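**Q** Take a look at the following structure, please.
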Amino acid sequence: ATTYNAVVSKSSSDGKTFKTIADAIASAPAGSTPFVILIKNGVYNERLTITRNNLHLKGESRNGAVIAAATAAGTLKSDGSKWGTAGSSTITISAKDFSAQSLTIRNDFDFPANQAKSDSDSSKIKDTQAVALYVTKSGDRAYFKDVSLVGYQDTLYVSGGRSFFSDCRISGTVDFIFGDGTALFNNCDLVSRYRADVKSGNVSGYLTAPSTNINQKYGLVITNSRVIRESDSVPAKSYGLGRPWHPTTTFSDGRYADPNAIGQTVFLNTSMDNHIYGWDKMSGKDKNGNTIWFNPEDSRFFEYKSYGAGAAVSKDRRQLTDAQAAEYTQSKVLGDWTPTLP
Ligand SMILES: [Cl-]
């Protein structure tokens, strides 16, 4: 008995349906009773910030139901300032118990066309992060089933609490899954994209850039998934599994890369194609303004039974024991939260 409180569609003939997702959401009664919105197939050019708890979106299909907007961190607002990384997000989850199913969320920033522009072209953006989905610190218990997240740089920004991605497709280039949140991905396609602007022997990107605080037990946890390249032109050994992101943070002794943001990315029972070369390091600025490198061997980067040509042949890729692997069940990672659809 699945009941939709509202229906969004492109038809002005579909009946008492909404034209945009924002309107359908705004029709929700104040409070925290569950509210479910069916989004009929179509491309909805909208940027949404979810502040209503217990809101649930269901698209007619992951392939046909799309929420898309083109915004880069470097994209300028009316006042001439930049949107920023968080601000470029097509969808921002700032409420609890959100769920999206069978739909696609895209940031349509044309990263390749931007990279192809001449350097003297004043419209060529440097701050090229363009987030498709951002789960903020106010978005605990965000659930995404049969959802597709599309972007290049910084596709998925997960911060704060717990989020679960099941049977999803996430595509990107650089740090396309990043943040400090507890994000569990099960049975997902993590799609590494082609970079026309990167020479074949250089790094095209990194699947993850966790910023997990050292005291947080779980960061980015990918299980029973597939790490694949979007095309045969993605070179062998062009993608890192992860890179340690230590966010510039304000401390009583200055603003610089957080030394305690010792990120975690763990893969279990996940296939990896040949584009993966292993983990990588990342640089930031320390308390003195010097360049500092945060190394993978100093981060919580682990694998358990990866397979495929991209899996570990060498030993500089730490492996979990069977006992340690048992600590990465959905129950343990998500704790008191059991993700369920309306
Ligand atoms: Cl930063």
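Taking the entry's author numbering, the leading residue of the sequence shown gets 25, the next gets one more, and so forth. All residues carry an ideal CB built from backbone N, CA and C; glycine is no exception.
Taking residue 248 as the reference, which of 351, 212, 166, 103 has the closest Cα?
**A** For this step, residue 248 is matched to residue 224 along the sequence shown. Checking every option, the nearest Cα to that of residue 248 belongs to 212.
**Q** If I'm right that residue 120 touches residue 164 with Cβ under 8 Å, what's the distance once you round it to whole angstroms?
**A** Start at 1 with the first residue of the sequence shown, and residue 120 comes out as number 96. Start at 1 with the first residue of the sequence shown, and residue 164 comes out as number 140. Going by Cβ atoms, the distance from residue 120 to residue 164 rounds to 5 Å, so yes, they are a contact pair.
**Q** Between which two residues does the beta strand (DSSP E) harbouring residue 89 extend?
**A** Walking along the sequence shown from the start, residue 89 turns up at place 65. Per DSSP, residue 89 belongs to the beta strand (DSSP E) from 89–93.
**Q** Rounded to whole angstroms, what is the Cα-Cα separation between residue 284 and residue 206?
**A** By 1-based counting over the sequence shown, the position of residue 284 is 260. By 1-based counting over the sequence shown, the position of residue 206 is 182. The alpha-carbon atoms of residue 284 and residue 206 are separated by roughly 16 Å.
**Q** How many angstroms separate the CA atom of residue 188 from the CA atom of residue 276?
**A** Within the sequence shown, the letter at position 164 stands for residue 188. Within the sequence shown, the letter at position 252 stands for residue 276. Straight-line Cα distance between these residues: approximately 34 Å.
**Q** Report yes if the CB atom of residue 184 is closer than 9 Å to the CB atom of residue 160, and no otherwise.
**A** Position 160 of the sequence shown, counted from the start, is the residue given in the question as residue 184. Position 136 of the sequence shown, counted from the start, is the residue given in the question as residue 160. Yes, these two residues count as a Cβ contact at 9 Å.
**Q** For residue 33, which of helix, strand or coil comes out of DSSP?
**A** The residue labelled residue 33 in the question sits at position 9 within the sequence shown. Correct three-state label for residue 33: coil.
**Q** What residues match up with residue 327 in a beta bridge as DSSP calls it?
**A** Within the sequence shown, residue 327 is the residue found at index 303, counting from 1. Answer by DSSP bridge pairing, in chain order: 291, 343.
**Q** Output needed for residue 67: all residues of its chain with C-beta closer than 7 Å, excluding positions within five of it in sequence on either side, in chain order.
**A** By 1-based counting over the sequence shown, the position of residue 67 is 43. Answer for residue 67: 90, 92, listed in chain order.
**Q** DSSP on residue 109, reduced to helix/strand/coil?
**A** Working through the sequence shown from its first residue, we reach residue 109 at position 85. DSSP places residue 109 in helix when its eight states are reduced to three.
**Q** By DSSP, does residue 164 sit in helix, in strand, or in coil?
**A** Numbered from 1 along the sequence shown, position 140 holds the residue referred to as residue 164. Residue state, collapsed to three classes: coil.
**Q** Determine the burial state of residue 103: buried for a count of at least 16 other Cβ atoms within 10 Å of its Cβ, exposed for fewer.
**A** Your numbering for residue 103 matches position 79 in the sequence shown. With fewer than 16 other Cβ atoms within 10 Å, it is exposed.
**Q** DSSP three-state call for residue 297: helix, strand or coil?
**A** Taking the first residue of the sequence shown as position 1, residue 297 is located at position 273. It is coil, neither helix nor strand.
**Q** Of all the options 32, 270, 337, 251, which has the alpha carbon lying nearest to the alpha carbon of residue 49?
**A** To locate residue 49, count along the sequence shown from 1; it is residue 25. Ranking the options by Cα distance to residue 49, first place goes to 32.
**Q** Expressed to the nearest angstrom, what Euclidean distance is found between the alpha-carbon atoms of residue 336 and residue 27?
**A** Here the question's residue 336 lines up with position 312 in the sequence shown. Here the question's residue 27 lines up with position 3 in the sequence shown. One C-alpha to the other measures close to 47 Å.
**Q** Residue 215 to residue 124, Cα distance in whole Å?
**A** In the sequence shown, residue 215 corresponds to position 191, counting from 1. In the sequence shown, residue 124 corresponds to position 100, counting from 1. C-alpha separation (whole angstroms): 20 Å.
**Q** Under the criterion of a Cβ to heavy atom distance below 8 Å, does residue 302 qualify as lining ligand 1?
**A** The sequence position of residue 302 within the sequence shown is 278, counting from 1. Not so, every heavy atom of ligand 1 lies at least 8 Å from the Cβ.
**Q** Could you spell out where the alpha helix (DSSP H) holding residue 358 opens and where it closes?
**A** Position 334 of the sequence shown, counting from 1, holds the residue named residue 358. Note, residue 358: alpha helix (DSSP H), 354–358.
**Q** If contact is defined by three or more beta carbon pairs under 8 Å, each pair taking one atom from either stretch, is the stretch 319–338 in contact with the stretch 291–308?
**A** Contact between the stretch 291–308 and the stretch 319–338 is present, because at least three Cβ pairs lie under 8 Å.
**Q** Rounding to the nearest angstrom, what Cα-Cα distance links residue 111 and residue 193 in this structure?
**A** Sequence index remark: in the sequence shown, residue 111 carries index 87 (1-based). Sequence index remark: in the sequence shown, residue 193 carries index 169 (1-based). Going by the C-alpha atoms only, they are around 23 Å apart.
**Q** Using the three-state DSSP reduction, which class does residue 125 fall into: helix, strand or coil?
**A** The sequence position of residue 125 within the sequence shown is 101, counting from 1. Three-state DSSP puts residue 125 in a strand.
**Q** To which residues does DSSP link residue 190 through a beta bridge?
**A** Here residue 190 is taken as the residue at index 166 of the sequence shown, counted from 1. Note: residue 190 sits in a beta bridge opposite 169, 210.
**Q** Note down, in chain order, each residue of its chain lying with its Cβ closer than 6 Å to the Cβ of residue 245, except the 5 sequence neighbours on either side.
**A** The count along the sequence shown starts at 1 and reaches residue 245 at position 221. So the list reads 208, 290, 352, 357, once near-sequence residues are dropped.
**Q** Which one or two residues does DSSP pair with residue 114 in a beta bridge?
**A** As a working note, residue 114 is residue 90 in the sequence shown. Per DSSP, none; premise fails for residue 114.
**Q** Since residue 97 and residue 107 should fall inside the 8 Å C-beta cutoff, what is the C-beta to C-beta distance between them, to a whole number of angstroms?
**A** The residue given as residue 97 occupies position 73 in the sequence shown. The residue given as residue 107 occupies position 83 in the sequence shown. Going by Cβ atoms, the distance from residue 97 to residue 107 rounds to 6 Å, so yes, they are a contact pair.
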